[PDB]
């Protein structure tokens, strides 16, 4: 297995020093740089860039600049995804986002886990923990989502939350660590 | 009432899909883009842009780039306002800032509330909650101020605070959620 | 003593209005602007800018753009320092970073303390509190490190932490405020 | 009263040497420069600039470049205003323009009066004379409108006219000085 | 008949709102923009632009920038035409210029007539009145030539004239309105 | 005598076809182009350009862009000269401007006379008529000053005037042709 | 007669050394250069350039860059003309294109004939042979159409064809030289 | 089925007028434009663009500019593919290229078939015919490969060939139409 | 012998992998890139670039952009060489062009031979076959000339020809493969 | 007397700290910067810049870039002056150059004398010593001409000479200090 194959298989891999991964990250950084330096008025150019970044034809995916991503192609998007200013989709582990998702400003979706032992960490080792963002969700600003976390559909994450553990569907959750406050009435 | 008139009247309105509001936000983003790509050395140009953004002649309002705002004209500023790097004044609801205000880096002043029910939220509805920042205040870095909040004059907000509720005047407040620690002696 | 000499001596000084300090901060902002607008593909140019900023020849110091610093020359770096997107080293007070340090995205290392009394604060006064980051450490994203804090070698800071007080060596610490959870086994 | 307050109150004021007024004029010139150097093809950008200039969301206000204005914010516009090439709205005194107004090329709307005595004039003094342009009007090319003048609704100003005095509604006026020729039948 | 066909046939047509005409005017404004932003040193480039604008190979047609025209292709030129700074050939109605013509600065040749009744004018209606400029003529600066006017060959128009009616050949004409002063001796 | 020497001696000369004169005009057109494309914020650069254009160190000579001149070096300026938008100093004949002169927008100072006979005019012949603008004068916008004219010190020229003949000192003059209305009281 | 007048009258003319013709070709090269260096995203700018090039308001004429033409004003276009990458309309002789025409990539429509004798050719002489492209036609990629050739309406030209002679209407033609294979039923 | 789904399933589809397909072609055209305007010296940037175009990390795929492709993601490449100047991979139908392939200049790989009947063709209909290029092949310059064609591994295609039908493995084939001349000895 | 010496001696050489040859090809691609991005109006710059490419002072060598060559210095030219759009001189093997040569658009002069056996070809090996283009020749558009071919002086090559074998002097030759049609009367 | 008037009168003056002189030097530095950054191909632009610098229409004055001068207007030139690379005409004191003068590369013509006493020198004082270069002279490369020096007509200055004293006409002079070797026979 290559280091990219280990990353995708959710095994420990050399994220920091593998040339292939460093080069795939470069491609995403180059496209993000072009996007981040495109005037907000250049609508068609932004659409072309976001599509080249995610390697898909997006359906109403709005991104407020700046935007950051590690690979781009490891972000799976639904239709109607609203991403405010300064978001980072650290996608070594697949980041799945449903339909009708509101992501506030300064939010980070982190899939990278480093070893706690400095000997293994200094070697460049990481384990990718995929993130699942359900459809019909709302994230306040200044939210950090940690590796392996699943946010159930219809859920609301309060501003400043650090989502360390899975949040069930149709729930209002807030805090550092993020804890469920109450259920949400999502009936028609 | 237009959707802009409803926004200003603190009623539910279509923020995401009203053409007038999308276009007024475009103007603020275009000015913010010009500001964010102006060399720090270009003092006169930065002043011109800051003044075009807020639609006012500022009196010692220092903004460290990048800066973000939704409308610009809905940010009411006093004299001597020091804004560090990466701040966002989400101003659908008026953001009133007094005189002599120190705003640390990575701070967000959020006035947008979305419905908890995904059916109403997916339709683009929002309610604007104005923020009142008193004169003679200090905000640490990484602070998020939530809709409808009032921070009394002479108050100090600790770094990493999530201001969910009103802070009284001459108070030291810290945490997520932000709670008053003690009063401040603000005598000459 | 000049205001720069008082800053370095850890005495109260006019940070905001001293021309020399305003001008030394301008130099760092001009270099940061050049770096932040350099395509990720321009490897040699990025190395030259990073080195001009810190006034030293760096040994494997990776910086993901954007990056911010106040002086640049008051950041003392070890070898193998990995800095993710949107970090700010507010270095009025010296920021000492050891070898093999992983700094996540959206981290702020703040050394500036303003007076609590608005009369002294409005005059532009500040006191610089140096930060010591030990070797072999790991910082999650969205971390804020406060003035005067020391993070012991071999320590791990969880994502979203607000480091208000010193963290001992070989410790796992998380939260707002940042508290030690358990010790780390850092043996070979 | 500041010199800006005197200008707006229709009192004598230092237009030429007051720093605030020189700086507010700079902002309008900077926006006019950006507009005048924007390709005619850049429709969205021209709209953004026109809106930043007048500090309002215009409704079908077409401006053929070059355009000049002193303040921009002192030009009050109606919907459907068609401004041909090389027009100047010298707006120290408010310039009110109604709905459905056709302004030919090389037209000047001048609100500045200087003293006749050179001693007072050389000191920089001016008096602002607001201009009222009624709705449903038509201006030929090469027209100059002088301070304090009112052009009644439904009126037509012939090419090369120098409008020194008020023109009544529904009238055809031509010449240097501009004199009424006959009334206009403005029935459906 | 299309609105372009009505314009050319000297019938009332929608000049302001017909897409074809708006688009043909855009082409002329794009070429004029390129010409107006071409350094005077770039002789060959200026020649190419002038020729692309008029859709003809010009024979000693000198144009001092800025220059404006509505269509460009509706300006019929002779050889040796000297056009000074800031001229506008509003050519909805054909503008025929003979050989050896001296056009001073700030001259406007206007072929557009709007209805006097605001109801018809607000609908975008216009009637094109062709202008005939005879060979061997001289125009002073600040001259406005009105729709349907013919200036006979060998004639001289004084500076600041508003040419409302036809001028006979070999005549000296001045004023607002433009009136013949005396005949000119144009013998060898 | 060269054609430049004849121009300066107020004799008939080939203005249009002499290579030396065509080339001296090019230099002025190149400097005016640079000035006309300099952002209003670039104060020192504008000052350098105006100084290079007039071949002198100006003392408070304000020029609002665009500005046009034929030679530049044939414009003799006093201190405190305020030139509004779109002025043209056609300086084949020396244009002498005193101290404390207010020149409104769209003003033309024309020193070129062409022969009335088309045979001599088509050959490129011209006679330069110097213009003398007295100190302490005020020009309204849309004014044209004809060759050989002298405007006495302390005089005021109304907007839209065509100055065909000399105007005595301390006089208010208006119209096409420009005629004295009354004397001005210019006492302290 | 000027050299431009001789060119248009289908007479021998100095194409290579006449200043007027060299200058009219420069105008087309300058507009083509602007078009070839315009980002595909800049839709309105591309439309303005194509219209300035052909000296007409085009009706759904799509051009994939790069594009080349000698004069541009001697290309007469119909509505719905789809021109793929790297096409050259060498238009000294008028190039008439009908409505609904699909032109594949790397196609050349050449109207210039040089003399066979090198003495006359070295002097710069040429004769323009107009090309008529009928409405409702399809050209494969890598096709060269030679001077004086008429391609009848409803016809299909196979990829790699060298069209030396007239192709009748509603015909499928392929090869070097281009020969009719069969008729097309377009009813 | 969408028009993209029909294209991929090898069914008749609207290639010319489907918005999704027009937009996916735009993305490839934008990346090709960036590649075609990148200096040959910019090796890393060219590699990033080629990888963004094909949506894969290429292994020694050399491309000489200009290069054209319709989708980019429908070109499946092996390692060591050498593409000379002016090649076009019209990839509506998948273009599969093996390892060690030499493609000469001015080659076209066309997968688009239009209907012979003009009624269906004018409607925008097309059928995608995938092309299979075997490993270890060599294409001379000026080669056109037609829809549905398979070129067997170890084969050589002569310059100027029009490949209308399948070519067997280890064969030398030349002409318009392309016909096998002789077999190739491809032993070690 | 080096690989360059082997190339010039008409021996098998590592064309694709020799560092020196790769670097000399880079020089030719950099000059071709600069020339292909030079506006047609820039006559002297084009001349300088053409002369730098061929390493010679050309005498009436007109090249229509785009142009391509491998080395440039291996193309020997005569006087009066007219090269139309999109021509490629692949000159690892010397290309000799006499005087008075007309080369139509989309012509390729190919001197590269690859081995037929894929084992040797995959190793990067090539053999250069010089091409000799006699004086007084004419090439139609879409012509490919193959390695080692001589086209006799006074010859005419029909459009679309694939020149596989030598063409005698004073001959009309057309087709794929190119064959002589008749001799040419080349008398005065 | 102003400091510029003292400079021109050959009296001691504040060269380093007088604002007028610092600003007149800026104008020359700006024109030299534009000249030094103009491509050698831009012949007409170089001629315009050289003429703007010297404030005269030059007659065959060739200048190889870079070129430096302090004022430009204090360099009096004859016809046919050939200036090689890296020359500096330090012209506080008038530099008079005759006709037919060959100036080698890296030559300095210095007219500035500073006081020997550091007290007066540190105050910014200088005395301008004009340089007279006779017609028909030749300067080798690396020559320095000192203040007040006169080089007689027909003279030759050897490479590396430091001209401290006057050189008589028709003489060959070499060395540091420059001494006459022999007279030159300058007869027809």
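To keep things simple, chains are lettered A, B, C, D, E, F, G, H, I and J as they appear, and every chain counts its residues starting from 1.
Here is the rule we go by: a contact is a pair of C-beta atoms (placed from the backbone, for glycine too) under 8 Å apart; a residue touches a chain by one contact, two chains touch by 3 or more.
The interface holding more C-beta pairs in contact, when E-G is weighed against A-D, is E-G. Looking across A-D, I-J or B-D, the pair that copies the F-J interface, with over half of its contact pairs the same by residue number, is B-D. Chain B and chain G have centres, each the mean of its CA atoms, that are 60 Å apart. Chain D and chain I have Cα centroids separated by 65 Å. Per-chain CA centroids place chain D at a distance of 25 Å from chain E.
In chain H, the residues that touch at least two other chains are 26, 30, 37, 44-45, 48, 66, 86, 106, 142, 176. Residues of chain B that touch chain C in their complex: 37, 39-41, 64-66, 80, 82, 85-86, 100, 102, 104-106, 136-138, 140-142, 154, 156, 158-160, 172, 175-176, 184-188.
Listing the residues of chain H that touch chain G in their complex gives 16, 26, 29-30, 33, 37, 66, 68, 86, 88, 90, 106, 108, 110, 114, 116-119, 121-122, 142, 144, 146, 162, 176. Looking at the complex, you find that chain F touches chain B at residues 39, 41, 43. By the touch rule above, chain B contacts chain F in their complex via residues 42, 44-45, 48. Contact residues on chain H toward chain A in their complex (touch as defined above): 20, 23-24, 26-27, 30-31, 44-45, 47-48, 51-52, 55, 57, 73.
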